[PDB]
């Protein structure tokens with residue numbers, strides 16, 4: 001069953017931006033309803049935990065700028081696994097998240113902190129979301145080769161040979 | 001080594017060539033005398049650029065014989081090495097004392113004292129060559145020679161080079 | 001020129017007939033061979049034009065199928081342009097043809113761009129265009145000027161790229 | 001970065017050769033056939049080298065992660081960013097291999113091994129045929 | 001040096017083929 | 001520009017067409 005690749009997949013939510021608008025405060029809230037947000041990530045678990053509790057270079061800059069991002073670490077350091085964190089922000093139109101997974105290897109002999117490993121690239125441009133360059137290059141080259149093949153077969157069709165002259169047109 | 005230089009020459013034209021076509025005779029004389037020559041001040045004269053743009057000067061009839069002397073300036077590509085130069089070349093002849101390598105239009109000789117002892121002379125091979133653990137050097141084998149000295153005469157320049165240090169021999 | 005001792009006659013700064021300082025020009029086997037071939041064919045064309053004045057085929061010479069056909073065209077060019085009185089020119093041209101690293105003008109331009117993008121000395125650039133070295137240290141030892149002036153990683157990258165650029169015969 | 005640098009220089013020379021063949025085809029008069037063959041073969045073998053080198057360094061290209069510059073402004077250059085970002089094939093090639101697969105259309109595996117044995121048999125047969133007659 | 005740089009071969013007129021489909025909520 | 005005001009655009013709104021009854025009419029085209 002034909003599936004559109006998620007790298008080119010682009011979601012638009014006019015109702016959400018009309019109701020709430022685009023801001024770093026609710027950029028994760030905007031991302032929550034997208035298909036790219038896995039329901040198995042610990043961010044959703046933290047979200048239900050918060051809901052239950054209520055019912056009952058630029059990395060350091062964005063680190064020190066917002067306190068909710070602080071709360072994100074102090075709620076995310078306890079849970080290791082696939083997590084969604086912000087990468088960088090330039091207002092009022094550009095935001096990009098950092099898709100990384102954490103394995104808090106607390107074993108004896110490792111003086112490093114929890115291991116952070118990239119998984120995917122996500123770019124929020126306007127109200128749209130974008131998600132390999134190797135594929136782009138090979139696709140461009142193969143389409144170029146197809147066009148070249150068509151041109152060369154047409155040119156060879158145009159070619160006419162005679163023994164007494166050689167090849168002419 | 002190939003370089004572009006500005007050269008001048010004094011050419012004497014015989015009185016019997018004194019006609020409206022003197023420029024053609026001067027051009028023929030220049031091309032026939034200069035190209036392929038060797039001068040110790042500038043090395044071998046390989047080629048002359050911009051043949052249509054030959055610069056000329058007014059004649060000055062010599063008071064003794066009547067031949068008109070002209071001063072001609074041009075730009076030329078020439079070849080000349082320097083002390084300590086390393087050049088790739090082709091083996092010409094093999095001998096017990098060493099070998100001879102043609103580089104460009106010149107010959108650089110290396111004496112057996114100027115290579116490491118690992119290269120041993122093999123005379124039974126056809127052709128006789130120098131054989132080592134890794135590098136084998138013979139006719140038509142690209143060999144790098146570090147030129148150490150050059151001797152300049154009127155018509156040619158000979159060179160003597162050494163390969164005594166590492167990273168020398170067959171490539 | 002182990003210590004770049006080029007003397008007065010071959011200074012880096014050259015005074016031309018116009019009186020303006022110019023950078024010293026150094027050409028490897030490929031560049032010099034292409035330049036001399038172009039000059040010879042231009043002179044032959046001028047001679048033919050002059051003969052037509054007093055009283056098509058030239059496209060096949062520059063484009064050579066093989067080394068032997070190129071050598072035959074070279075012999076014909078020397079017969080029709082030089083007169084056969086210059087053996088040293090024939091020997092130099094044969095040495096250029098047999099050990100020309102690069103036959104196509106575009107590839108020679110690529111080699112020139114790769115070697116002189118770093119801004120090295122023209123002597124070193126011409127030597128690198130003439131010599132094909134497997135390892136950076138081999139070139140550095142065989143070119144004492146390149147020592148202390150180029151990083152080993154850059155030299156290795158340049159040498160590998162040049163080896164890849166060599167057109168198969 | 002070294003692998004992507006080599007890819008850059010080789011693709012740049014390939015694009016230069018493409019520009020060449022372009023501005024010698026754009027002339028109103030077609031040059032001799034032989035020059036066209038030489039240009040075709042050179043550019044096409046250069047494309048082969050491009051493919052081979054891109055094959056060699058897949059790991060370095062894959063390891064790299066794309067990210068826009070902090071200094072690069074997206075508000076004014078969003079069109080330029082989207083131009084390079086998009087990667088979907090041209091449609092005509094798409095329905096091209098769709099019709100190709102339509103025409104082509106344990107069983108598949110044993111046909112695959114049957115193709116293996118036919119290939120090996122044909123190779124051996126032509127080796128024998130070449131050995132039968134002295135070609136030197 | 002560099003014999004000649006490459007001519008700008010930008011094609012902004014290219015319409016692109018981005019698939020758009022997950023717009024409905 | 002940043003405030004999306006309803007029912008006043010130069011061009012027809014995509015959200016207007018999404019909220020328009022033509023969307024469900026196409027969805028309920030079988031019922032037609």
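Note that each Cβ is placed from the backbone with ideal geometry, even for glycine, and that neighbours are counted across all protein chains shown. Rule-based calculations on the coordinates, nothing more; no lab input.
Scan the stretch E:1-16 residue by residue and report those that are away from chain C (no Cβ under 14 Å) and surrounded by 10 or more Cβ atoms within 10 Å (Cβ to Cβ).
Initial filter on the stretch E:1-16 (away from chain C (no Cβ under 14 Å)): E:7-16.
Those that are away from chain C (no Cβ under 14 Å) and surrounded by 10 or more Cβ atoms within 10 Å (Cβ to Cβ): E:7, E:14, E:16.
Given (1) surrounded by fewer than 16 Cβ atoms within 10 Å (Cβ to Cβ); (2) within 23 Å of residue B:137 (Cβ to Cβ); (3) in contact with a strand residue (DSSP E or B) (Cβ under 6 Å, 6 or more places away or on another chain), identify the lone condition not met by residue B:100.
The one condition residue B:100 does not meet is (1).
Here is a yes/no grid of residues against (1) under 27 Å from residue B:41 (Cα atoms); (2) within 22 Å of the chain's Cα centre (by Cα):
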| site | (1), (2) |
| --- | --- |
| C:4 | yes, yes |
| C:8 | yes, no |
| C:16 | yes, yes |
| C:27 | yes, yes |
| C:45 | no, no |
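Which number in (1) closer than 27 Å to residue B:37 by Cβ; (2) under 18 Å from the mean Cα position of the chain (by Cα); (3) buried (at least 18 other Cβ atoms within 10 Å of the Cβ) marks the one condition that residue C:38 misses?
Residue C:38 satisfies every listed condition except (3).
Among the residues of the stretch B:103-132, what is the count of those that are within 14 Å of chain C (Cβ to nearest Cβ), part of a loop (DSSP other than H, G, I, E, B) and at negative phi?
Filtering the stretch B:103-132 for residues within 14 Å of chain C (Cβ to nearest Cβ) gives B:103-108, B:116.
Narrowing the set further to residues that are part of a loop (DSSP other than H, G, I, E, B) leaves B:104-105, B:116.
Cutting the leftovers down to at negative phi gives us B:105, B:116.
Total satisfying the criteria: 2.
Check whether at least one residue in the stretch A:1-14 is in contact with a helix residue (DSSP H, G or I) (Cβ under 6 Å, 6 or more places away or on another chain) and either away from chain F (no Cβ under 14 Å) or surrounded by 15 or more Cβ atoms within 10 Å (Cβ to Cβ) (or both), and report yes or no.
There is at least one residue in the stretch A:1-14 that is in contact with a helix residue (DSSP H, G or I) (Cβ under 6 Å, 6 or more places away or on another chain) and either away from chain F (no Cβ under 14 Å) or surrounded by 15 or more Cβ atoms within 10 Å (Cβ to Cβ) (or both).
Considering only the stretch D:35-94, how many residues are within 12 Å of chain E (Cβ to nearest Cβ) and in a loop (DSSP other than H, G, I, E, B)?
Qualifying residue count, the stretch D:35-94: 5.
Mind checking which residues of the stretch C:1-60 are part of a helix (DSSP H, G or I), within 8 Å of chain B (Cβ to nearest Cβ) and within 23 Å of residue C:122 (Cα to Cα)?
Hits for the stretch C:1-60 are C:31, C:32, C:35, C:36, C:39.
Residues that are within 17 Å of the chain's Cα centre (by Cα), surrounded by fewer than 10 Cβ atoms within 10 Å (Cβ to Cβ) and part of a helix (DSSP H, G or I): does the stretch D:103-122 have at least one?
At the first step, the residues of the stretch D:103-122 found to be within 17 Å of the chain's Cα centre (by Cα) are none.
Looking for residues that are within 17 Å of the chain's Cα centre (by Cα), surrounded by fewer than 10 Cβ atoms within 10 Å (Cβ to Cβ) and part of a helix (DSSP H, G or I), one finds none in the stretch D:103-122, hence no.
Can you tell me which residue is farthest from residue C:8 (Cα to Cα) among those in the stretch B:49-78 that are facing chain C (nearest Cβ under 8 Å) and touching a helix residue (DSSP H, G or I) at 6+ places or on another chain (Cβ under 9 Å)?
As a first pass, look at the stretch B:49-78 and keep what is facing chain C (nearest Cβ under 8 Å): B:49, B:51-52, B:55, B:73, B:75, B:77.
Filter once more, keeping what is touching a helix residue (DSSP H, G or I) at 6+ places or on another chain (Cβ under 9 Å): B:49, B:51-52, B:75, B:77.
Numbers: B:49: 22, B:51: 26, B:52: 29, B:75: 17, B:77: 17 Å.
Filtering first and then ranking leaves B:52.
Here is a check on your reading of the model: is residue B:100 away from chain C (no Cβ under 12 Å), within 28 Å of residue B:44 (Cβ to Cβ) and within 21 Å of the chain's Cα centre (by Cα)?
Values: away from chain C (no Cβ under 12 Å): yes; within 28 Å of residue B:44 (Cβ to Cβ): yes; within 21 Å of the chain's Cα centre (by Cα): yes.
Yes.
Quick one: what pairs do we get from the stretch C:53-81, first residue more than 19 Å from residue C:91 (Cβ to Cβ), second surrounded by fewer than 13 Cβ atoms within 10 Å (Cβ to Cβ), C-beta under 6 Å, 6+ apart or different chains?
none
Anything in the stretch A:116-169 that is under 30 Å from residue A:88 (Cβ atoms) and more than 8 Å from every other protein chain (Cβ to nearest Cβ)? List them, or say none. It would help to see each step written out before you state the result.
Initial filter on the stretch A:116-169 (under 30 Å from residue A:88 (Cβ atoms)): A:116-140.
Of everything in the stretch A:116-169, those that are under 30 Å from residue A:88 (Cβ atoms) and more than 8 Å from every other protein chain (Cβ to nearest Cβ) turn out to be A:116, A:117, A:119, A:120, A:122, A:124, A:127, A:128, A:129, A:131, A:140.
Can you run down the residue pairs with Cβ atoms below 8 Å, 6 or more apart or on separate chains, where the first is in the stretch B:80-95 and on the phi > 0 side of the Ramachandran plot and at the interface with chain C (Cβ under 7 Å from one of its Cβ atoms) and the partner is crowded, with 22+ Cβ neighbours inside 10 Å and not in a strand (DSSP E or B)?
Going by the 8 Å Cβ cut-off, the qualifying pairs are B:84/C:1.
If a residue has to be within 22 Å of the chain's Cα centre (by Cα) and part of a loop (DSSP other than H, G, I, E, B) to count, how many in the stretch B:6-49 make the cut?
Looking only at that region, the number is 7.
Would you mention how many residues in the stretch C:61-79 are more than 22 Å from residue D:42 (Cβ to Cβ) and more than 14 Å from chain B (Cβ to nearest Cβ)?
3
In the stretch B:50-65, how many are surrounded by 13 or more Cβ atoms within 10 Å (Cβ to Cβ) and in a loop (DSSP other than H, G, I, E, B)?
Total satisfying the criteria: 3.
Give the stretch F:2-21 a look and list any residue that's surrounded by fewer than 10 Cβ atoms within 10 Å (Cβ to Cβ) and more than 10 Å from every other protein chain (Cβ to nearest Cβ), or say none.
F:7, F:8, F:10, F:11, F:12, F:21
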